[PDB]
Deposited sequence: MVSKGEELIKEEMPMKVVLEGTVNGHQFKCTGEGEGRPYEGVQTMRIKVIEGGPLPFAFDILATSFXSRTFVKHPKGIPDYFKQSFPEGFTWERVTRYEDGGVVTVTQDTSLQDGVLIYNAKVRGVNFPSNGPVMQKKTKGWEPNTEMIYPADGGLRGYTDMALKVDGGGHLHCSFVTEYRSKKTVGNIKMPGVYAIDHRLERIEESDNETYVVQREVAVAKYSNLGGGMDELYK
């Protein structure tokens, strides 16, 4: 399982969706160090750009294989290969926005392949998201709970608002292996510290490069 995940792995992503009825399509390519928990992705908006909403609400939909796990915490994600895993997420913003995402992760000729679909509704026209007035995500901790042969993650996350302040959002993720869980050693409860940073931007966020560092730990 893990032996297919090398110290360096490339990844490719296609993401499609609608937010408040606006349709768009993105592609991404990048690479990271799965055991060190660091990854970078270069993302192009290919259809529907420039987006009429903050790219930040898509940022967390573009990579669970690249989490540093200490010796004592089994890695559900890396053990899933070669078949990979799916994740499904619901995010709720404090000002009314709701996002649903479904994601497929597979491994094809040693490349991690991501396919994502995003549906966003009820973002307020005067809020920082539809006004494109956001400045990225604050570092956060996700709580991971084993649940029916898979994992459930919970995060309270804060989106920085340009001019100051935070927009608070919660979400719940269900991570499920495509490999039988009979051949997977399961962790108990644990936490992941995430830092998601935008390192390059161009042409009203039609080109975005973002770096994530994610480290699993005991709670």
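Student: In sequence order, which parts of the deposited sequence are missing C-alpha coordinates?
Tutor: Deposited residues absent from the model fall in 1-4, 67, 225-235.
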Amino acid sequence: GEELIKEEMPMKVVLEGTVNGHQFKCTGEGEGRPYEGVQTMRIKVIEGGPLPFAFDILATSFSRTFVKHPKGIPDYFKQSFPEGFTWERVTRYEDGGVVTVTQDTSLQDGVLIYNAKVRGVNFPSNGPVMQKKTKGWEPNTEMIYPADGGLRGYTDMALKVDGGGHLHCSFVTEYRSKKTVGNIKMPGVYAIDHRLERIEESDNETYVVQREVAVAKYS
From here on, numbers count along this sequence of modelled residues.
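Student: Mean Cα B factor from the PDB record: higher for 53-61, or higher for 150-158?
Tutor: Comparing 53-61 with 150-158, the higher mean C-alpha B-factor belongs to 150-158.
Student: Averaging only over Cα atoms, indicate whether 176-184 or 43-51 has the higher B-factor in the PDB entry.
Tutor: Mean C-alpha B-factor is greater for 176-184.
Student: Based on the PDB record, which member of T105, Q131, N140, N122 exhibits the highest Cα temperature factor?
Tutor: Of the candidates given, the C-alpha B-factor peaks at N140.
Student: Taking the chain's C-alpha temperature factors as the reference, tell me which third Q23 falls into: lowest, middle or highest.
Tutor: Tercile = middle for this residue's CA B-factor.
Student: Please say which third, lowest, middle or highest, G30 falls into when its CA temperature factor is compared across its chain.
Tutor: It falls in the bottom third of the chain.
Student: According to the PDB entry, is the CA B factor of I5 in the bottom, middle or top third of its chain, that is, lowest, middle or highest?
Tutor: It falls in the middle third of the chain.
Student: Looking at the temperature factor on the CA atom of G127, which third of the chain's modelled residues does it land in?
Tutor: Lowest third - that is where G127 ends up once the chain's C-alpha B-factors are sorted.
Student: Comparing against every modelled residue in the chain, figure out the third that the C-alpha B-factor of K71 lands in (lowest, middle or highest).
Tutor: Answer is highest: the recorded C-alpha B-factor places it there.
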